[PDB]
Structures are given as structure tokens and as C-alpha cells.
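Now for the letters of each chain:
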Amino acid sequence: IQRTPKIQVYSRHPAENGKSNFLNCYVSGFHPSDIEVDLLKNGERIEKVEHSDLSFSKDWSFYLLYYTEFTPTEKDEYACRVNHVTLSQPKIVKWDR
Amino acid sequence: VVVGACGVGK
Amino acid sequence: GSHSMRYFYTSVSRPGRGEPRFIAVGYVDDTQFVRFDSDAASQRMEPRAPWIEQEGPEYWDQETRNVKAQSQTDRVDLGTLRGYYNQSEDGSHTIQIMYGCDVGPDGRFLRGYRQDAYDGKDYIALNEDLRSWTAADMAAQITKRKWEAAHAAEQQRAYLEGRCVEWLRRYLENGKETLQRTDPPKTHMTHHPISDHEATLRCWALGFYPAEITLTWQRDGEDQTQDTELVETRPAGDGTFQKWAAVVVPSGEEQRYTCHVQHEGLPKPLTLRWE
């Protein structure tokens, strides 16, 4: 089986410009486990992004949380790039505040 | 704790 | 209330890139507390929650020994199953194992689980009587009579009804400041105009634990599941969870709609309306 990952891009706390926060990108419902996920700030990949440990749901589909320390502003755009073998192209989901 | 019972092969 | 302990094993064969990758995670309800990544440098079971850090070195040595020994068995099973389906030695394949126990508020056995998968689909599972096996295909029946002849069910049942439940009780008390706490959802509603005849109302639920929650929309006290949107409950990254639900409503009639939030951390189910 091969299942396409769902993607949600969001912050840990309600975003306020200037206040520090955490940027999350939750990928779920996919199979197999091999997947590459990157956080993007203004189109460039963010270094030192951590991910939770691999686990799965009752339907055997995997889920993972990718997160990094970030500071929301008014100009900076953030996104999460996801590539999986089920996907034809890498999916880039922008953070919709 | 994880299952201490030791695994029979498949 | 009632509580659960779950263990999830994943072994992924990577031909030409070393031996299979093995990842094990332990959960109490919606809280991970241990983990084993064979690609990590420690090669030991590592804590993932504060309360389990107090366990002594004999605990961490036995937990490391048992699950790494499971990873060694997964390696052999990976080659066995691949032979069962006559599959190539260069394709990637995954074995997933789930097992655990459920307890009631009084803290003793409710149910037990043990299910194994191959390539994301059911392979063999332990039935609820904890004495029989259910196989998905004929290749898994080969494993079934293997486990029937070796009487794996008896020793799986022994752990599910014994050491699983007993240590679930210890974890629930030793980490009750985290595990047994019920953070109610901090809720609010947002309004986003879509046109001049339609508008979206979003019902937010943030910072709650456990993850179980129910968000429903109503219009004039009547349930509304047409033109609604629910997203999967998602982790906030701090132990709590998030969820929201949306409804497309005509302009001006926004206050006819109500959002209802049910959660075990709430005495009464909440009701929110756009003023």
C-alpha cells in the first residue's frame, strides 16, 4: 500500500509578530515511512528543525511532527516542503495565518 | 515496560 | 478515567544501505515516554517524559535488552515474510507491530492488544479473547500455526494481563501531574468573509489534553454537517493538542450558528456563538 501524506502547517501558540513561537508541520496518514520534510522561511530551508519519533495509527499509516524555533513577523512567509514517493511533485504548504 | 515475552519467529 | 499503554514497533528493510531501521515508541494515553532508534548513537531505550526518568538503571537495561532483541527478530521476519511472498532482495519492506493494554479507573485489566502488519496492511492479529489468532492471507496463516504450535498467545496474554497493566498503574501514579491531568480546551471563534453572500466561521480548540475531543456545529439548535470542515487533531508540540472546525454560512445569519466543544477536561460542554 502507499498512502499520500496529509499536511498541516501551524504554530504552537497563537502567532503574534515579535513574540517567539514554534512552527509546526504535521504530516500524517502516509506509508511507507520514508519521507523528507523541510521548513521554509521566505523560500529558504530552515536549519536545525527537529522531528518527533516515528509512530503510526490504527490503520498502520505513519505520522510525524516537524518543528523548529521561529519568530513570526509581518514580512516573513513560512511554509513546509514535503516530498513522498506517493506524491508526483514535492508539496509546499504555506503557513496560512 | 515493553513485552518481556520473547519473540517466536514468523 | 480509563487509560492505555501502547508500544509501536517499525522495522524498515533498506537493501544496500545496511541492516533494517528499527524504531520503537512507548505511549501512555496520548503521551510518549520511551523511544528506541537503532540509528541513534545510544543504542539504549531513552526517556521521553520527565516522570520516567526516575526509573533505575536496571529498568533501562532490561527495556534496552528486550526491544533490541525484538529488532533482531524483526530482521529475520523481514527475510521470512519476503520469502512468503517471493519478493526481491532489493525492494524495501516494513514490519509494524502494535500491542498494549487498557485499564479502567480502578486500574485493572479491560482489554489487550497485539497486531502485526506487513507493508502497511494487516498480517496477523491477536483476537480479543487473547487465545486465538486472525490471519489476513495464507502467508500469515503459516505464521499462525507457527505461533499456535509455539503457544505465543499464552505468553502474550500473560504480559497483556500482567506486566503491562501493573506498570501502566505505576506510570499513571508516578506521572499523574502530566498523564492524569485534563487540560480543558482554550476555545475561540474566528470569522472570515468569503463573499458578500457567504462567510466562514472557524471554531478553534487549543491546548487540550488528552487528544479526544468533539467539535460540532449547529444552526438554530439543529445539527449542521453539510458544508462543514473538520481537520485531524494535531499535536501542538508541548504535550497538548489542537483542532478546529469550520462552517460556510450566509452573510448576516452568522449568529444563528453555534459551536459545541465536548472534552473530558470540561465540566459542561461549551457553546460559543459569534456576537
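1. Some details on the overall build of chain A
For chain A, the helix and strand inventory stands at 0 helices and 9 strands. In terms of overall dimensions, chain A is globule-like: its C-alpha atoms have a radius of gyration of 14 Å, near the 13 Å expected for 97 residues. Projecting the C-alpha coordinates of chain A onto the three principal axes gives extents of approximately 45 × 25 × 20 Å. Within chain A, the fraction of its 97 residues that count as buried is 48%. Sequence separation of 24 or more characterises 61% of the internal contacts of chain A that already satisfy a separation of 6 or more. If you sum the accessible surface of chain A, you get close to 5,200 Å²; carbon and sulfur atoms cover 44% of it. When the 13 positive and 14 negative side-chain charges of chain A are each reduced to one mean point, those points stand 3 Å apart.

2. Quick notes on the packing of helix 3 (residues 152-161) of chain C against helix 4 (residues 163-174) of chain C
All names here are of chain C. Look at helix 3 against helix 4: their axes get within 3 Å of each other, and the N-to-C directions meet at 20°. Of the possible angle classes, the one that applies to helix 3 and helix 4 is roughly parallel. Note on element contacts: helix 4 touches helix 3 through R163, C164 and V165, opposite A158, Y159, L160 and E161. Considered class by class, the residues forming the contact of helix 3 with helix 4 number 5 nonpolar, no polar and 2 charged.

3. Quick notes on the UniProt feature "binding site: a peptide antigen 2" in chain C
Feature annotation in UniProt places "binding site: a peptide antigen 2" on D116(C) and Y159(C), given in this structure's numbering. Among the structural elements, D116(C) can be located in strand 6 (residues 109-118). For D116(C), a relative accessible area of 1% puts it in the buried group. What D116(C) contacts, discounting residues up to four positions off in sequence, is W60(A), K10(B), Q96(C), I97(C), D122(C), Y123(C), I124(C) and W147(C). Tracing the backbone through its elements, the reader meets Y159(C) in helix 3.

4. Some words on the nonpolar core
Judged by nonpolar contacts, the single largest core of 44 residues is most densely connected at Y7(C), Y9(C), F33(C), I52(C), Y159(C) and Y171(C). In contact with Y159(C), not counting residues within four places along its chain, are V1(B), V2(B), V3(B), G4(B), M5(C), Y7(C), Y99(C) and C164(C). The next biggest cluster of nonpolar side chains, apart from the first, holds 31 residues, and it includes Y66(A), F8(C), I23(C) and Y27(C).

5. Focus on the interface of chain C and chain A
Opposite the 31 residues of chain C that make contact, chain A presents 22 residues. A buried area of about 2,200 Å², summed over both sides, lies between chain C and chain A, and 52% of it is on carbon and sulfur atoms. Counting across the chain C and chain A interface gives 3 salt bridges. In this assembly, chain C and chain A are joined by 18 residue pairs in polar contact. Listing elements by their share of the side of chain C that touches chain A, those giving two or more residues are strand 1 (3-13), strand 2 (21-28), strand 3 (31-37), strand 5 (93-103), strand 6, strand 7 (121-126) and strand 14 (234-235) of chain C. Looking at the side of chain C that touches chain A residue by residue, the classes come out as 13 nonpolar, 9 polar and 9 charged.

6. Here we look at the sheet that holds strand 3 (residues 36-41) of chain A
Residues and elements named next belong to chain A. Pairing is antiparallel across the open sheet formed by 4 strands, whose spatial order is 4-3-8-9. Strands at the two margins of the open sheet, each flanked by one partner only, are strand 4 (44-45) and strand 9 (91-94). As judged from the 6 bridges shared by strand 3 and strand 8 (residues 78-83), these two strands associate in the antiparallel manner. Note on strand 8: the bridge partner recorded for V37 is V82.

7. Some words on the UniProt feature "disulfide bond" in chain A
Residue and element names in this part refer to chain A. Structure remark: disulfide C25/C80 (UniProt) confirmed, S-S 2.0 Å. Of this pair, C25 sits in strand 2 (residues 21-30) while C80 is found in strand 8, placing the two residues 55 residues apart along the sequence. On the basis of relative accessibility, which here comes to 0%, the residue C25 falls in the buried class. On the basis of relative accessible area, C80 is assigned to the buried category, the value being 0%.

The rules behind each value
Along each chain, numbering proceeds from 1 in written sequence order. Entry numbering may differ, and residues lacking coordinates are not shown. Key to labels: chains lettered from A, ligands numbered from 1, both in the order written. Side-chain measures were taken over the full set of non-hydrogen atoms in the model, leaving aside hydrogen atoms and water. Residues with missing side-chain atoms are left out of burial classes, side-chain pairs and their counts. In this description a helix means any DSSP run of H or I spanning at least four residues, a strand means any run of E spanning at least two, and both kinds are numbered starting from the N terminus. Atoms counted for the radius of gyration: C-alpha only. Globule rule: 2.2 Å times the number of residues to the power 0.38. Think of it in three bands: residues with accessible area under 20% of the maximum for their type are buried, residues over 50% are exposed, and the middle band is partly exposed, with areas taken using a 1.4 Å probe on protein chains only. Every residue pair with non-hydrogen atoms within 4.5 Å of one another is taken to be in contact. Accessible surface is estimated by sampling points in the Shrake-Rupley manner with a 1.4 Å probe; for residues, cover comes only from the protein chains shown. Under the convention used here, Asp and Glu are negative, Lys and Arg are positive, and both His and the chain ends fall outside the count. Every charge is mapped to an atom, namely NZ of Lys, CZ of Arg, CG of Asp or CD of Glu. Think of each axis as a best-fit line through the C-alpha atoms, taken over the contacting stretch in the case of a helix, with angles from 0 to 180 degrees between the N-to-C directions. Relative orientations are named as follows: roughly parallel for angles under 35 degrees, roughly antiparallel for angles over 145 degrees, roughly perpendicular for angles from 65 to 115 degrees, and oblique for any other angle. Three residue categories are used. Nonpolar comprises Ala, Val, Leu, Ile, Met, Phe, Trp, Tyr, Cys and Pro, charged comprises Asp, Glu, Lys and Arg, and polar comprises the others, including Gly. UniProt positions are given in the numbering used here, feature names are shortened, and annotations may be inferred rather than shown by experiment. We define a nonpolar core as any set of buried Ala, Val, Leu, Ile, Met, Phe, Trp, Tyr and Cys residues linked to one another through side-chain atoms lying within 4.5 Å. Two parts placed together each lose some accessible area under a 1.4 Å probe, and adding up what both lose gives the buried area. Salt bridge, as used here, is a side-chain nitrogen of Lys or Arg placed within 4 Å of a carboxyl oxygen of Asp or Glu. A 3.5 Å cut-off defines polar contacts: any pair of N or O atoms within that distance qualifies, except that in protein one atom must be a possible hydrogen donor and the other a possible acceptor, and neighbouring residues in sequence count only when both atoms are side-chain atoms. Any two strands between which DSSP finds at least two bridges are classified as paired. By definition, disulfides here are pairs of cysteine sulfur atoms that lie within 2.5 Å.

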